[PDB]
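2 protein chains.
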Amino acid sequence: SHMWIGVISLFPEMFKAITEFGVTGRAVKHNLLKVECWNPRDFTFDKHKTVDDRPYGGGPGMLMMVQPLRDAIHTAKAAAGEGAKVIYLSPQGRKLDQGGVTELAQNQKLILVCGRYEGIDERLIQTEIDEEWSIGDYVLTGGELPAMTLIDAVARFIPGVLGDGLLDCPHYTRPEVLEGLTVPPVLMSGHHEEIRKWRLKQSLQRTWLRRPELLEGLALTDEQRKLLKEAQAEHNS
Amino acid sequence: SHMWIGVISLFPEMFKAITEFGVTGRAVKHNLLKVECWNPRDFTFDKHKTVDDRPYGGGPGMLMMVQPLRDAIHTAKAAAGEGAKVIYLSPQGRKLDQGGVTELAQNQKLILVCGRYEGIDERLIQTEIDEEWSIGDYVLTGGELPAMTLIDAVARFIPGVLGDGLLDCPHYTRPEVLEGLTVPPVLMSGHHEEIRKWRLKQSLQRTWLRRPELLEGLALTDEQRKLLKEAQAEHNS
Ligand SMILES: COc1ccc(C(=O)n2ncnc2N)cc1
Ligand SMILES: COc1ccc(C(=O)n2ncnc2N)cc1
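Residue numbers (the authors' numbering), protein chains in the order written: chain A, -1 to 161, 173 to 246; chain A', -1 to 161, 173 to 246. A prime marks a further copy of an entry chain.
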């Protein structure tokens, strides 16, 4: 009924974007979702609060310094108590999709470690991280946007937060005519079953035209096979 | 040398997460990146500033109301002047990867439209949007985190913002021994060519073990073929 997410980040104020606004902001205010951040800079001891360090072997960039990051992670783990899964966000991780969101959402506690600079020491991944997850095959400046993405996606599964393999159907609202384009008459018919079938058929058609590989992974129902065949025949004029 | 990004969002304060922090915050402060937000709520005229509307055909949710959203988009387009590409973020869009980031980054101006609720009227996509892009196959509560993700990814290509198909290699920094785990000696050798080859070989090995489909899409160099063959022979003990 409740999810707790610990976050380790050099920029914890970024997480206001999900804790103060919208559906996820409401979830936090209503105690359905709790997001708690620890900043490695607070675990430094030198006068200039150093949180990066030079990579062995040379190279352009810097890495996160091990001692402050490690101490922040340990503090988060102590706060979480038993049973928290520790996740490092990176492009080398398991690719996130909705199946994986649904899996992650089964956890009552997560700790999310956000890398900065060129990333974190490999031995910390070995000794502190349970799983690595990627939000997609593109490179970002840090792990915070992937962590927020993951939080937002799992939050949708917490009961009370909100009020099947296919792409969504098109949606229409007022006015009935917009730049000469009319709303499909079936949607104004009030025929609930025709509307259901139209929506399903559109989703099948859109998945086939835009993401046909997604169909290969589905066991279509008899009704879905029929509506898809119909959509494909109509497309073939 | 400069990128301008117009944003249409009901929660423009979320974009502080990228405009006030880190590498992207520095890019904004130094005028390399400009992010400008318009909020549909500011284009409403009724007393309670309504920005949602009921979907034709029924259904659980709401859609963004057309008139305020449309007016916000028109205002952003007027601000952009000629040549801005207008992007709607959604799971029905083209899947973002680094090739697509590099393509988007060729644009001097982008306008990013962030959906909320169940999304936006299909006729607005037809009449106002140039391209739809997805950051991945998972469902979020709105388009803002995908828009920020996209901004962060393209920002890395603006000259001055920062100081090949494979996953990254492991990275190490101090201490030389951490929980009994030592830094690989090659990285402490100072032999720049051995270090280069070790890194490349690790990237090839990691891509093969974690994401083998990514290799099928590459024309490996002779050196890469060799190091991959070596890594695969060592794995086969
Ligand atoms: C410097 O630390 C990091 C930089 C980038 C990413 C990143 O890009 N991720 N993470 C998950 N999925 C993606 N794409 C992660 C960490
Ligand atoms: C209600 O409006 C929206 C809800 C979700 C998304 C979304 O999830 N996106 N967008 C790009 N890539 C992904 N995954 C977009 C709009």
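All C-beta atoms, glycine included, are put in the ideal place defined by N, C-alpha and C.
To which residues does DSSP link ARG92(A') through a beta bridge?
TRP131(A')
So that I know if they touch, is there some Cβ in chain A' lying closer than 8 Å to that of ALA151(A)?
yes
By the three-class DSSP mapping on this structure, what secondary structure does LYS107(A') have?
strand
Could you pull out every residue in the same chain whose Cβ sits closer than 6 Å to the Cβ of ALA153(A'), ignoring the five residues on either side in sequence?
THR22, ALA25, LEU31, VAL159
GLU120(A') to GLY59(A') span [Cα, whole Å]
15 Å
From what residue to what residue does the beta strand (DSSP E) around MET1(A) run?
1 to 6
Cβ-Cβ distance between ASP128(A') and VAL64(A') below 8 Å
no
Please report the straight-line C-alpha distance between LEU218(A') and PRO89(A), rounded to a whole angstrom.
14 Å
By the DSSP assignment, the alpha helix (DSSP H) with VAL152(A) in it spans what residues?
142 to 153
With hydrogens ignored, establish whether the beta-carbon of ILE16(A) is closer than 7 Å to any heavy atom of ligand 1.
no
Assuming contact is defined by CB atoms lying nearer than 8 Å, are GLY199(A') and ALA77(A') in contact in what I supplied?
no
Which residues of chain A have a Cβ atom closer than 9 Å to the Cβ of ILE133(A'), listed in chain order?
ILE133, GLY134, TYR136, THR147
Are the Cβ atoms of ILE6(A) and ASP150(A) separated by less than 8 Å?
no
Extract the residue ranges of the beta strand (DSSP E) inside the region 21 to 59 of chain A, only unbroken runs of 3 or more that lie entirely within it.
31 to 36
Coarse secondary structure for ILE85(A), derived from DSSP in three states:
strand
Closer than 8 Å to chain A by CB, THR73(A'):
no
Can you confirm whether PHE19(A), when its beta carbon is compared against all beta carbons of chain A', has any partner nearer than 8 Å?
yes
Per DSSP, which residues does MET63(A) bridge with? Please list them.
Its beta-bridge partners do not exist; DSSP assigns none.
Alpha helix (DSSP H) segments (min. 4 residues) lying fully within the region 199 to 235 of chain A
201 to 219, 221 to 224
Residue 299(A) Cβ short of 7 Å to ligand 1 heavy atom set:
Shown here, chain A extends from -1 to 246; a query on residue 299(A) therefore has no answer.
Does the region 109 to 120 of chain A come into contact with the region 176 to 189 of chain A', if we say contact requires no fewer than three beta-carbon pairs (one atom in each stretch) closer than 8 Å?
yes
Strictly by DSSP, which residues pair up with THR191(A)?
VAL186(A)
Distance check for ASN245(A') and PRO53(A), CA to CA, integer angstroms please.
30 Å
Among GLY55(A), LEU213(A), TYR115(A), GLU142(A), which one has its Cα closest to the Cα of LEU87(A)?
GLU142(A)
For the alpha helix (DSSP H) containing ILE16(A), list its first residue and its last residue.
14 to 17
Could you give the C-beta distance for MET1(A) and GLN106(A), rounded to a whole number, given that I count them as a contact under 8 Å?
6 Å
Exposed or buried, what is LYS210(A') when buried is set at 16 or more other beta-carbons lying within 10 Å of its beta-carbon?
buried
Output needed in chain order: residues of the region 35 to 57 of chain A' with a Cβ under 9 Å from some Cβ in chain A.
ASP50, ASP51, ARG52, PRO53, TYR54, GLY55, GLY56, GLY57
Let me confirm a value: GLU126(A) is counted as buried when at least 16 other C-beta atoms fall within 10 Å, else exposed. Which label applies?
buried
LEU122(A') beta carbon near ligand 2 (any heavy atom closer than 7 Å)
no
Would you call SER(-1)(A) buried or exposed, if buried means 16 or more other Cβ atoms sit within 10 Å of its Cβ?
exposed
Listing by chain order, which chain A' residues have their CB less than 8 Å from the CB of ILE204(A)?
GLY55, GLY56
Taking 8 Å as the cut-off, decide whether the C-beta atoms of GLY91(A') and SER132(A') are in contact.
yes
Within 8 Å, strictly: CB atoms of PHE19(A') and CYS35(A'):
no
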